[PDB]
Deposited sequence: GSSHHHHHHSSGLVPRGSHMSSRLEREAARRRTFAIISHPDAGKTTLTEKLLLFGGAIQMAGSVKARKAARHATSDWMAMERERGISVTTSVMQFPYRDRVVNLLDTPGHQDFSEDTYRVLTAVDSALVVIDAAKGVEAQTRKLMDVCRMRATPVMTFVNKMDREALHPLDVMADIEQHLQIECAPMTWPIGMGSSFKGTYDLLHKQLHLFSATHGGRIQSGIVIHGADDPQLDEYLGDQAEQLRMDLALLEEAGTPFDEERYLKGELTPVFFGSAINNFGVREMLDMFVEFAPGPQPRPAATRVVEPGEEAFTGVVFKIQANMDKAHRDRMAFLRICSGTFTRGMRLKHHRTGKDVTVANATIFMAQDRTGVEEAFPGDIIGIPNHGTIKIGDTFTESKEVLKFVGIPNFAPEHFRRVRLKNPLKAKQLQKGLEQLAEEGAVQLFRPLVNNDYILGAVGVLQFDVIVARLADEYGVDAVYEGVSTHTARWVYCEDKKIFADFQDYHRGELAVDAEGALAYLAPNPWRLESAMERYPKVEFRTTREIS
């Protein structure tokens, strides 16, 4: 029945953690790696390409945890990682609830209907009450919460958790203690006065809580919520068990001509990011990757050998070097590549769709220190935008170069690269813009009118796409009203 390819692909669980800085991602990542027996990798993560992709075995699943750069390293590449996973894990600091970056990263997951599980971290310190945390998750992540584990107390009074389906009490300071219904005197023996509160909460959950439903989880409509304390490696086992059991394996991926299924024998993969020193990171969409093989780079029309590929793999497995759907590989190259590029082993022309550019929130105008360098600046900005390092907008009404960054670090990298690779010394000037949307209107007449009236706010980006630049989302909301026929989108397909 199942081929070797389909058996391997079915074992993969490829995901990333979405969280706001200081929620606990690094700490939880270290503990996950320890369950995976990935001792060295955990030591590496705790000490801070090697860590962009961490693969580890757990309960015979091959888990691929892709890093989502955060803090000062937050960039459009963080959102690009989310286009390569089949599911995500949300980590929240229980004292803060859903925070700004949690929401923006969930907005990306939502466009892709990516399933998400949720870990509420730091229950060992005073926290939002669990009913309030659940309401906050639903309100800001726009998803139903299905509690899987439920905390008893918080902070100094945090006794541990009760696992609703496994009927197990997990004590905080280790095997769960099996509990036999709400009346089990084991609850009073282990929880003391807090047993009454667990009983009240369980009664409330029975009446008003949402059960886990795998189909709703897989559609992105419901998230299983776990509570714990990653620093104590507590509650993490239950969440990981649930993740390997229920999180989706490699999913079909749309291409312009058809949907590609992971069980197709012929290799296909898509580039979702590029690291400059260059390495292109490819998600394997179907088929089997082997070092030996030849791949067709359909954009350039060239054949590419991959004898120098990086196969990210666990310290653990030993056999012949191959990689399967859901896995990530890195292909070194001398600058040939765009985000979204498709590689195939067959001659079938395939073009994966659905890796977009994302609307930037930070904008700067570029100024040259030396006017004689104008052609080099145009070359460098165009090549850096084609490569995905920044977005570039050219306003209809002037000749300015306006750069759009998802993360501010990007502006520093562009200046560095302009200097080093183009011999161009550029500085930034501030602009009013904080918002871009790509505009579209299937009515040719109304659109010409829009483009005439709002000519001062329109720009064309490096892909040729028309965009409305606004000082902020509220000023934007006002142009939308004047033209209820024009669509304003927060993403656009790369070509």
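Taken in order along the deposited sequence, the stretches absent from the coordinates are 1 to 19, 68 to 87, 213 to 219, 324 to 330.
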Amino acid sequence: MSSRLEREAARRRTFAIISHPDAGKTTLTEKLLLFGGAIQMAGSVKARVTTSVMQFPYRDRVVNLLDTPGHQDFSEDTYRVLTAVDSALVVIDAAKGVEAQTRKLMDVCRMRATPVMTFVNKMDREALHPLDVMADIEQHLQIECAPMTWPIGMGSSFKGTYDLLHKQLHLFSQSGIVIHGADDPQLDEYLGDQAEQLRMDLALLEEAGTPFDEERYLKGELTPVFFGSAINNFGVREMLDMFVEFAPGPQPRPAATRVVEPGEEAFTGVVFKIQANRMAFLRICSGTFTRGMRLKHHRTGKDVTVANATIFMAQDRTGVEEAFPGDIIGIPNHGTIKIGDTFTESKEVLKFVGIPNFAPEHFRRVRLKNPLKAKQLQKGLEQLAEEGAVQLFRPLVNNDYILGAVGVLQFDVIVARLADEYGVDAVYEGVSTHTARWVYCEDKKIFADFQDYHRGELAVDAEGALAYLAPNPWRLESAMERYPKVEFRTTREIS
From here on, numbers count along this sequence of modelled residues.
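The mean C-alpha temperature factor is higher for 293 to 301 when 293 to 301 and 251 to 259 are set side by side.
Stretch comparison (115 to 123 versus 284 to 292) by mean CA B-factor in the PDB entry places 284 to 292 on top. Taking only the listed residues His140, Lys104, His71, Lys273, the entry reports the highest CA temperature factor at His71. Within the group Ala88, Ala385, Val349, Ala359, the record's highest C-alpha temperature factor is found at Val349. In the deposited entry, the Cα temperature factor of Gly43 places it in the highest third of its chain's modelled residues.
Among all modelled residues in this chain, the alpha-carbon of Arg199 has a temperature factor (C-alpha) in the highest third. Ranked by C-alpha B-factor against the other modelled residues of its chain, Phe393 falls in the lowest third.
Among the modelled residues of its chain, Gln451 has a C-alpha B-factor that falls in the highest third according to the deposited record. Among all modelled residues in its chain, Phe158 ranks in the middle third by Cα B-factor.
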